[PDB]
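These are the residues of each chain, in order.
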Amino acid sequence: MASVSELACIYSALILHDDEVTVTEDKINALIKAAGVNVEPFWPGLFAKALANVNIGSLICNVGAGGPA
Amino acid sequence: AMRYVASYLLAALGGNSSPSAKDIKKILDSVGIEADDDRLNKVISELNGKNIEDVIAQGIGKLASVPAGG
């Protein structure tokens, strides 16, 4: 599993990609608050950073792609 | 590009672990994303009875409905 925060940010970006509408920290935050599911805020930041060019499929890697420790 | 699956996941992640069409409208309404009240009730209809995290924990992409081409 992931952290529901990370995963929540994921989904906020997901809905955003369904209309492919503007990606802002406040946009993702709006999704966050709408569902009631909070994220590690650096994610909304970095998400708004990347998702304006990258794809949601990159989130599956999240610049690490680690499994065990 | 995968429809209201993600909205469903959001709602289930931090509000209701069995989201409905109205919950979808909620989530997408907050950012002004348009939705058909049957389309989401349909995605939910499919989604209903799944373990959100585990679903996406190997599926951050191609959420439920994989992009329909043609």
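Overview of the structure. Sequence order sets the numbers: each chain starts from 1, possibly unlike the entry numbering, and residues with no coordinates are not included. Chain A is the first chain written and ligand 1 is the first ligand written, with later ones labelled in order. Note: side-chain values were computed over all heavy atoms of the structure, leaving out hydrogens and water.

### Side note on the packing of aromatic side chains
Residue and element names in this part refer to chain A.
Alright, step 1. Centres within 6.5 Å make a pair out of two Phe, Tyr or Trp rings, where for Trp the six-membered ring is used; the pair is then stacked when the planes are under 30 degrees apart, edge-to-face when over 60, and tilted otherwise. Counted according to the given criterion, the structure contains two aromatic pairs over all chains.
Alright, step 2. Their ring planes at 85 degrees and their centres at 5.3 Å tell us that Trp43 and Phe47 sit as a pair that is edge-to-face. You can see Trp43 and its partner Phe47 sitting in helix α3 (residues 42-50), four residues apart, about one turn around the helix. A run of H or I in DSSP counts as a helix once it spans at least four residues, and a run of E counts as a strand once it spans at least two, with each numbered from the N terminus.

### Description of a negative patch on the surface
Alright, step 1. On the surface, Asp19 and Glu20 of chain A together with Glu34, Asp36, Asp37 and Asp38 of chain B cluster together into a patch of negative charge.
Alright, step 2. With respect to the element layout, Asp38 of chain B can be found in the loop between α2 (21-29) and α3 (39-47).
Alright, step 3. You can call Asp38 of chain B exposed: its relative accessible area is 59%. By definition, no residue in a patch forms a salt bridge, and every one has over 30% relative accessible area; like charges are joined within 9 Å, nonpolar side chains (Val, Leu, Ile, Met, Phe, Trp, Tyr) within 5 Å. Only the protein chains shown count as cover for residues, and the accessible areas themselves come from Shrake-Rupley with a 1.4 Å probe. Salt bridges are defined by distance alone: a side-chain nitrogen of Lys or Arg within 4 Å of a carboxyl oxygen of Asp or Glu. In this tally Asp and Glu are treated as negative and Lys and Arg as positive; neither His nor the chain ends contributes. Taken as the charge location is NZ of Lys, CZ of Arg, CG of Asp or CD of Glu. Working definition: with a 1.4 Å probe on protein chains only, accessible area under 20% of the residue-type maximum means buried, over 50% means exposed, and in between means partly exposed.

### Topic: α3 of chain B
Residues and elements named next belong to chain B.
Alright, step 1. Of the residues making up α3, those classed as buried are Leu40, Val43, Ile44 and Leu47. Projection of α3 onto a plane perpendicular to its axis shows the buried side chains occupying an angular sector of 100 degrees, all on one side.
Alright, step 2. We call two residues in contact when some of their heavy atoms are within 4.5 Å. The elements touched by buried residues of α3 are α1 (5-14) and α2.
Alright, step 3. Positioned one or two residues after α3, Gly49 has a phi angle of 100 degrees, which is positive. Our arc is simply the arc of the directions from the helix axis toward the C-beta atoms.

### Quick notes on the layout of surface pockets
Alright, step 1. Within this scheme a cavity is a closed region of a 1 Å grid, computed over the protein atoms alone, that accommodates a 1.4 Å probe without allowing it to escape, whereas a pocket is open but has protein on both sides within 12 Å along at least five of seven lines; lining residues each have an atom within 4 Å of a point. Grid points are joined across faces, edges and corners, and a volume is the space filled by probe spheres set on the points. Here the largest pocket is characterised by a volume of approximately 290 Å³.
Alright, step 2. Lining the largest pocket we find 17 residues, and of these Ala2, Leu59, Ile60 and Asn62 of chain A together with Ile60 of chain B sit closest to its centre.
Alright, step 3. Elements with a contribution of two residues or more to the lining of the largest pocket: α1 (4-19) and α3 of chain A.
Alright, step 4. Any residue that is not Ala, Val, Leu, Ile, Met, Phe, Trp, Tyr, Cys, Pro, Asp, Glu, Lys or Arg is counted as polar, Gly included; the first ten are nonpolar and the last four charged. When grouped by side-chain class, the residues that make up the lining of the largest pocket number twelve nonpolar, four polar and one charged.

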